[PDB]
Protein chains: 4
Amino acid sequence: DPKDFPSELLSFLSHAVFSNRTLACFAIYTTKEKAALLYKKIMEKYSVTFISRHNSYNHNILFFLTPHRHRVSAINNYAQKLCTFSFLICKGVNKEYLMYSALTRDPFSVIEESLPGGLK
Amino acid sequence: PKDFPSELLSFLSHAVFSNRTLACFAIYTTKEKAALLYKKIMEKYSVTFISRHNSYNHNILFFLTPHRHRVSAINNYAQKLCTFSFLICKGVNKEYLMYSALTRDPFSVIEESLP
Amino acid sequence: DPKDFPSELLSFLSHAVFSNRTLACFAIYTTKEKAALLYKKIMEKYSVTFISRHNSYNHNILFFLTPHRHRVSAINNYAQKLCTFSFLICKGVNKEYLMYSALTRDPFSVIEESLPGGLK
Amino acid sequence: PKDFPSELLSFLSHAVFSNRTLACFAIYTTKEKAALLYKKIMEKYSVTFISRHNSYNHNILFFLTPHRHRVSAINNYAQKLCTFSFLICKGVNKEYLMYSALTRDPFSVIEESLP
DNA sequence: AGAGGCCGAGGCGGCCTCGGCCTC
DNA sequence: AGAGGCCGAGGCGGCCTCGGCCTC
């Protein structure tokens, strides 16, 4: 199981671990099964402005924007409760557009997203 | 099983909404978990006395602690060493009366911390 | 300068130092000068339901109830900013009635309070 | 005084709203504070070079740091070692030009980290 | 150059439950 | 006895600024 996001996405993500800064864009790397579940659970839990689910090297990535700010640790705590026994990596996203755009182009692809035609 | 053997129930605290702490407890669980918990409870709660008993193809642990505890705390500890197996944890109001009953049929002593 | 409240009041006070519990009753031990100032500043800052100022062995004690809960550390942080260079001890009060009543009887006395006739 | 000597002002950054960092600074303060800060700044910021100068009955410190800093950070450090005395901290845009001017009259070198 | 968007470390100040204490 | 008020430790999850980074 992956220990981090794909190398090609790392420059868009926050790697902060000692910060209480809150933000409004997040990504989760997990199994197809757990990402499908979390897609709807995260959408509802955080009233997301946008969420998309993507293929990533036989796993899935969720990408989402929230209407209010959250600590990465909070999003992680939520997601980890619903993913006992499967891998899950949750990070804040700094370069939001670059991350989403990377996620729509090979080797990744969109599985589903909450707004028709995605973001621009 | 969803409760203790029906003939032990009057020895036990039947509290639901109490924050009362006590220093005698009983656990009803599987043979595997009772063997494991006998040792774990002894160390965790520095028990003054612990006994393990046979009870209708399951086991009962009976124990006295040197300090008082909530039933819910003992249960919280025991339950996270039992995430799959069955387990009922109850406080014991009638202490000697519970141990004595657990020493006579249908119950039998498997082991005790004091001979 | 005192290092704690008078011994006779200690059983009414919280001595917690490792807790983030919030409460709604506090006391401050400080100089006459700083207690007079804080009486009005605390009243306003926290919208107190009640505040009283008391003589205590040639210093003053402030006693107050707040309409919302606060960490002792928060009340302390506020009070300490306005008492650079003079002693100030700030504690939560557990036994609110017993504390206030003790504070109205010798060797303590009321200097001023925010409601006529005090509390009962 | 409320600013640097009026003839040094074109050597200095005149930023107010910038988060730009730099690696040359100047401090205008009292003789007592300049003697103290010369040593404190040297150690705190591991300065590559620091000079202390006379300026109209006060002193100027001039320093280069190995890493970049906000003027406000340098000021925050210097100000809390000066809670009573006057102190103006500014970044220096024209580095050699500032040091050279501070070596010629009306200014005089009291001391430099390099001869 | 100066204005200013960004972001990791980390202080601050609420919320909450656990697991004891107590009295009625 | 059981119900339940109380309270210290301490996890949680926002807010904020400092003091760097960057580009326009």
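Letters go in sequence order (proteins before strands), and every chain restarts at 1. Just so you know, these numbers use all the heavy atoms, side chains as well, and skip hydrogens, waters and symmetry mates.
A cation-pi arrangement is present between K80(D) and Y77(D), with the terminal nitrogen or guanidinium carbon under 6.0 Å from the aromatic centre and inside a 45° cone about the axis.
Residue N19(B) places no side-chain atom within donor-acceptor reach of the base of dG19(E), judged by atom type and a 3.5 Å distance cut-off alone. If you check distances only, the side chain of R69(A) never reaches the base of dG14(F) with a donor-acceptor pair under 3.5 Å.
Between the side chains of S86(A) and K34(A), a donor-acceptor pair is found at a separation under 3.5 Å.
Atoms CG (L23(C)) and P (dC15(E)) sit 10 Å apart, rounded to a whole Å. Rounded to a whole Å, the CZ atom of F17(D) is 11 Å from the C1' atom of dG4(E). Nucleotide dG5(E) holds its P atom 15 Å from the CD atom of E96(A), rounded to whole Å. Atom CD of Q79(B) and atom P of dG19(E) are 12 Å apart (whole Å). In this structure, CZ of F25(B) is placed 12 Å from P of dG19(E), rounded to the nearest angstrom. Atoms CG (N76(C)) and P (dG11(E)) sit 16 Å apart, rounded to a whole Å. The OH atom of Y97(C) sits 17 Å away from the P atom of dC6(F) (whole-angstrom rounding). The distance between atom CG of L13(A) and atom P of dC6(E), rounded to the nearest whole Å, is 17 Å.
For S18(B), the side-chain atoms get nearest to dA3(F) when compared with the rest of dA3(F), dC21(F), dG4(E). Here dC7(F) is the nucleotide among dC7(F), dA9(F), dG20(F) with the atom lying nearest to any side-chain atom of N94(C). Of the candidate nucleotides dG19(F), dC12(F), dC21(F), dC21(F) has the atom lying nearest to any side-chain atom of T21(D). Taking every side-chain heavy atom of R21(A) into account, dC18(F) is the closest of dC18(F), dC7(F), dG20(E).
No side-chain heavy atom of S114(C) sits under 4.5 Å from any side-chain heavy atom of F64(C). Residues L81(D) and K40(D) form a side-chain contact, since some pair of their non-hydrogen atoms from C-beta on lies under 4.5 Å apart.
The environment of CD in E7(B) is crowded: more than 12 heavy-atom neighbours from other residues, nucleotides or ligands sit within 6.0 Å.
Nucleotide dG8(E) is matched to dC18(F) when pairs are restricted to Watson-Crick or G-U wobble geometry with both distances under 3.5 angstrom. The pairing partner recorded for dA3(F) is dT23(E), the criterion being a Watson-Crick or G-U wobble arrangement whose two distances lie under 3.5 angstrom.
Judged by the sign of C1'-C2'-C3'-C4', the sugar at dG20(F) is north, the angle being positive. With respect to the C1'-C2'-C3'-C4' torsion, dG5(F) shows a south sugar, the value lying on the negative side. Nucleotide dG11(F) carries a south-puckered sugar, as indicated by a negative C1'-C2'-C3'-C4' torsion.
The side chain of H67(B) places no N or O atom within less than 4.0 Å of a non-bridging phosphate oxygen (OP1 or OP2) of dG20(E). Residue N76(D) has a polar side-chain atom (N or O) positioned under 4.0 Å from OP1 or OP2 of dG19(F). In terms of phosphate contacts, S13(D) brings a side-chain nitrogen or oxygen within less than 4.0 Å of OP1 or OP2 of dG2(E).
Residue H15(A) is out of contact with every strand shown, counting any heavy-atom pair closer than 4.0 Å.
In terms of position on DNA chain F, the residue among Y78(A) and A16(C) whose nearest nucleotide sits closer to the 5' end is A16(C). Between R71(C) and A73(B), it is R71(C) whose nearest contact on DNA chain E lies nearer the 5' terminus. Sequence order on DNA chain F of the closest nucleotides to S73(A) and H69(D) puts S73(A) first from the 5' end.
Geometry at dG14(F) and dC12(E) meets the Watson-Crick or G-U wobble definition, both required distances lying under 3.5 Å.
Of the possible donor and acceptor atoms, none in the side chain of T66(C) sits under 3.5 Å from a partner among the backbone N and O of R69(C).
Less than 6.0 angstrom separates the ring centroid of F50(C) from the ring centroid of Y100(C).
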